[PDB]
There are 2 protein chains.
Amino acid sequence: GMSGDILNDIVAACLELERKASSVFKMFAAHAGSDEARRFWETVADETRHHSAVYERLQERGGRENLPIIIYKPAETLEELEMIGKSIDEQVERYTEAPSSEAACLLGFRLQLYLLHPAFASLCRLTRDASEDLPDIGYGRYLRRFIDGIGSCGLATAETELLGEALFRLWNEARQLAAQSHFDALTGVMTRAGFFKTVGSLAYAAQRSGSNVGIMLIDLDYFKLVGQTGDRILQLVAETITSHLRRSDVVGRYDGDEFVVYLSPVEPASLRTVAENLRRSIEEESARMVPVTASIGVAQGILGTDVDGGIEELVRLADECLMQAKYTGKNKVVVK
Amino acid sequence: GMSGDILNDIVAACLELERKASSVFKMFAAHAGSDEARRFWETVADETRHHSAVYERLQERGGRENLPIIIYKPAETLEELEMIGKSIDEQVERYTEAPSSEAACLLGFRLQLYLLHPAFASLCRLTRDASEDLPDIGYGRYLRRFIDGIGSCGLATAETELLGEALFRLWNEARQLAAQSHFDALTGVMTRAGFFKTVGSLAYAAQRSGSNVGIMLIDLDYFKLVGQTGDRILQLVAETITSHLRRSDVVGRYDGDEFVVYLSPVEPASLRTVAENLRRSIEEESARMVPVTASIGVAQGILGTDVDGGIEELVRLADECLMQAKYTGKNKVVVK
């Protein structure tokens, strides 16, 4: 399947990108003017290569058992990671044309930015999620070593090795913390909080342009016995919803079984169609697992100066539409 | 008061440290070999200086109204920040003795590590906590600009300015996310999760040395009417508990009104004394606010190979001691 290929290619891309970053650092180490700098770059190289083993383990494991790869908007994520590779290669070529410590510094920082891409941590958390939390990096223990070295002699190189290690690990922790805060583990859509943080910023831009925006709330009903497979339904539906999204639209977890989508720009003329086609897709693409009934409530509007108040209002309106669609559901898609 | 002075000196120290970092970056900009590098360092300088205004605003505001400054272990935090200053000054002196792009790179990275100290975000969150969440930095929007620049000409400098800005803001986000994950907003002690992540690592070291460790659970009872000031009691008690801690001991929020302390090393002979003296301190230091009754349960032991299981067990034992101290509280301090 093209979708499976994509997920496999994202795992491969993350693996290649950390390897490539490691390679570039090794090149900086070989070009370094001092032992201090050489060992800094070698340590960062080593830490980055060691870290990349996570993706290797995902590939190995994924060849022994069916291992769900959970990624926010796979197609767009793969294109971003390929383009990151392309930019790195261009910058490495610029470096090769005129190597210097200064060029290495700037490209090192660019790598530090680029490899913050959410995909990396979205994959790293797969096994941690499996069985439990993030390890203590010990900022404080690193600090104490630097403090105890104040006034030392002969330890410039041991310190830059420590700096390289502390920095890789705290930077990596930052990736993992961002992922835990912004993205849902189970489905890969945004967390509720991440969704509203992302939408806040988009909404301010919407307000400035006078764009129509929308909030859509999607509730799933699947057969239940009275009083695991809900989880699996959620993953599949998240994929269906995600396939209906443009680059400008955002999906998140709203309520526990419930999804929220931010639509921008909205053409009011075509909103009923988009919502109805999502409902049909959700239900038809779920046949081969367990039948699911989707109820969808959607509200749209143009935001005033109180942007937060506006988004709040649309959520409130969408929710009353959702209540109708669920319970007074003559239609299971209610638009306003 | 010495304690108030300390908090004020921590605010001053954070302000000075970001200013100093900004200063060092401006110096790198003046020494830069290329326009590309000059503008990178100037942008990082500017972003860091702009950010430091947060601490200025805390000082201004704190001179107009009583503004609680909430810091984990103030005395130790101040010493760490002073030592960070001292190390920076030593490294700047080493740089001054032999300036180069390579020396600047390494010192830039050292600043990036050092200024991750928890104190910075513990102060930044004071006003955000006041009224609501972290702003979207837009990693994705920065990325799209870099991707759209692939193959460009004449934009090397605009890109390094963008890189400097993206990096400061995402690094700053990392500080704020770490704080939200690891430290309690109200009291400044560790979050429950942060406490166990920190304790996990300490416990592994304890197990290797065969050290006795302890878990103490502290429950507060203060006068209530049937069915705000609880918050204020919590802050004061957190300060009392914190004044009884050695450098090796950790305090966190456990249950909502309840504190957890990790003690290491424990001398079983002196555990009843430490717990009883904490109870007395808590109750006596709370006279001038609202009388508080403290119940304390504490368990101690030597950890086996299953370190997580060991810490779990001590928490379980401490909790049964706490239940006695509260309810079968012939003694309000129960030790095992």
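Criteria and thresholds
- Residues numbered from 1 in each chain as written, not as in the entry; some residues may be left out.
- Chains lettered and ligands numbered in written order.
- Heavy atoms only, no water.
- Residues with missing side-chain atoms left out of burial classes, pairs and counts.
- UniProt positions renumbered as here; feature names shortened; annotations may be inferred.
- Domains from an automatic or database assignment.
- Contact = heavy atoms within 4.5 Å.
- Buried area = accessible area lost by both parts, 1.4 Å probe.
- Salt bridge = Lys/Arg side-chain N within 4 Å of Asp/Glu carboxyl O.
- Least-squares fit on C-alpha atoms.
- Polar contact = N/O pair within 3.5 Å; in protein donor to acceptor, adjacent residues only side chain to side chain.
- Helix = DSSP H or I, 4+ residues; strand = E, 2+ residues; numbered from the N terminus.
- Nonpolar A, V, L, I, M, F, W, Y, C, P; charged D, E, K, R; others polar.
- Buried < 20%, exposed > 50% of the residue type's maximum accessible area, 1.4 Å probe, protein only.
- Pairing = 2+ DSSP bridges.
- Axes fitted to C-alpha atoms, helices over the stretch in contact; angles between N-to-C directions.
- Parallel < 35°, antiparallel > 145°, perpendicular 65-115°, else oblique.
- Left-handed = near helix turned anticlockwise from the far one by under 90°.
- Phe/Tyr/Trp six-rings, centres within 6.5 Å; stacked < 30°, edge-to-face > 60°.
- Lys NZ or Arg CZ within 6 Å of the ring centre and 35° of its normal.

Regarding how it was determined, this PDB entry cites X-ray crystallography in its header, along with a resolution of 1.950 Å.

Chain A has a UniProt comment under Catalytic activity (unreviewed entry) that states "2 GTP = 3',3'-c-di-GMP + 2 diphosphate".

**Let's talk about the domain arrangement of chain A**
Residues and elements named next belong to chain A. As far as domains go, chain A holds domain 1 (1-182) and domain 2 (189-336). Here the C-alpha centroids of domain 1 and domain 2 sit 35 Å apart. Each partner contributes to the interface: domain 1 provides nine residues, whereas domain 2 provides 14 residues. Here domain 1 meets domain 2 over a buried area of about 860 Å², counting both sides, of which 52% is carbon and sulfur. Of all residues in domain 1, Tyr 72, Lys 73 and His 182 give up the largest surface area on contact with domain 2, accounting jointly for 62% of the area buried on that side. On the surface where domain 1 and domain 2 come into contact, there are one salt bridge. Between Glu 76 and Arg 247 there is a salt bridge; the shortest N-O distance is 3.9 Å.

**Quick look at the relation of the copies chain A and chain B**
There are two copies of the chain, and a rotation about an axis plus a shift along that axis relates them. Superposing chain A onto chain B takes a rotation of 180° plus a shift of 0.0 Å along the axis, which leaves an RMSD of 0.0 Å. What we have between these two chains is a two-fold relation. In this assembly the copies share their binding face: 100% of the residues contributing to the interface of chain A also contribute to that of chain B.

**Points about the interface of chain A and chain B**
One frequently used descriptor of interface size is the decrease in accessible area upon assembly of the parts. Listed per partner, the contact involves 56 residues of chain A and 56 residues of chain B. When chain A packs against chain B, close to 4,900 Å² is buried across both sides, 66% of that on carbon and sulfur atoms. For B:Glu80, the salt bridge is made with A:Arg144, and the minimal N-O distance between the two is 3.9 Å. Linking chain A to chain B there are 23 residue pairs in polar contact. In terms of residue count, helix α7 (residues 156-182) of chain A provides more of the side of chain A that touches chain B than any other element does, 13 residues in total. The class makeup of the residues in the side of chain A that touches chain B is 28 nonpolar, 14 polar and 14 charged.

**Considerations on unusual backbone geometry**
All names here are of chain A. Residue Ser 264 is joined to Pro 265 through a cis peptide bond whose omega torsion reads -5°. Among the secondary structure elements, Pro 265 is positioned in the loop between β3 (258-263) and α10 (271-285). In the Ramachandran plot, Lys 73 falls in the positive-phi region, its phi being about 45° despite a non-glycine side chain. Judged by its relative accessible area of 8%, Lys 73 falls in the buried class.

**Digging into the pattern of salt bridges**
Residues and elements named next belong to chain A. Inspection of every chain in the model, using the stated rule, returns 46 salt bridges over all chains. Between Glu 276 and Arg 272 there is a salt bridge, with its nearest N and O atoms 2.6 Å apart. A residue pair is termed a helical-turn pair when its members lie 3 or 4 positions apart in one helix, as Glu 276 and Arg 272 do in helix α10 at four residues. Judged by relative accessible area, which is 28%, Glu 276 ranks as partly exposed.

**Points about the sheet that holds strand β1 (residues 212-222) of chain B**
Residue and element names in this part refer to chain B. With mixed pairing, five strands are arranged side by side in an open sheet as β2-β3-β1-β4-β5. Each end of this open sheet is capped by a strand with a single partner; those strands are β2 (250-253) and β5 (333-335). Strand-to-strand, the axes of this sheet are offset by a mean angle of 15°, without reference to chain direction. Across the face of the sheet, helix α10 (residues 271-285) comes into contact with β1, β3 (258-263), β4 (292-302) and β5 while running at roughly 160° to β4.

**Notes on the packing of helix α1 (residues 2-31) of chain A against helix α2 (residues 35-62) of chain A**
All names here are of chain A. The geometry of α1 relative to α2 is characterised by a closest axis approach of 8 Å and an angle of 165° between their N-to-C directions. Comparing their axes, α2 and α1 come out roughly antiparallel. Crossing of α1 over α2 shows left-handed handedness. In the contact of α1 with α2, the residues fall into 13 nonpolar, five polar and seven charged.

**So, the packing of aromatic side chains**
Pairs of aromatic rings are described using the distance from one ring centre to the other and the angle between the two planes. Counting across every chain of the model gives 25 aromatic pairs over all chains. An angle of 90° between the planes, with centres 5.0 Å apart, marks the rings of A:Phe195 and A:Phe196 as edge-to-face. Owing to a relative accessible area of 0%, A:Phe195 belongs among the buried residues under this scheme. For A:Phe196, a relative accessible area of 27% corresponds to the partly exposed category. By way of ring pairs, the aromatic residues A:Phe25, A:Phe28, A:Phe40, A:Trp41, A:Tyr95, A:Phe109, B:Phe25, B:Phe28, B:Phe40, B:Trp41, B:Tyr95 and B:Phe109 are connected into one cluster. Residue placement shows A:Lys224 over the ring face of A:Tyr222; its charged tip is 5.3 Å from the ring centre.

**Things to note about the sheet that holds β3(A)**
Residue and element names in this part refer to chain A. The strand order β2-β3-β1-β4-β5 describes an open sheet built from five strands, whose pairing is mixed. Two strands lie at the open edges of the sheet, namely β2 (250-253) and β5 (333-335), each paired on one side alone. When the angles between neighbouring strand axes are averaged without regard to direction, this sheet yields 15°. Sheet topology note: the β2/β3 ladder contains four bridges and is antiparallel. Paired with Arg 253 across the bridge in β3 is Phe 259. Each of β1 (212-222), β3, β4 (292-302) and β5 touches α10; the most contacted strand, β4, lies at about 160° to it.

**Looking at the side chain of A:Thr191**
Within the secondary structure layout, A:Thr191 lies in the loop between α7 and α8 (192-209). Residue A:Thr191 is classed as buried on the basis of its relative accessible area of 16%.

**Here we look at the pairing of β3(A)**
Residues and elements named next belong to chain A. Counting buried positions over the six residues of β3 gives six, a clear majority of the element. Sheet topology note: the β1/β3 ladder contains six bridges and is antiparallel. Residue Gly 214 lies in a different strand from β3, and its bridge partner there is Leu 263. Hairpin connection from β2 to β3: four residues lie between these consecutive antiparallel strands, with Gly 256 at a positive phi of about 135°.

**Topic: the environment of A:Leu177**
Residues and elements named next belong to chain A. By the secondary structure assignment, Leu 177 is in helix α7. A relative accessible area of 6% means that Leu 177 is categorised as buried. C-alpha separation for the pair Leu 177 and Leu 134, spaced 43 residues apart in sequence, amounts to 8.6 Å.

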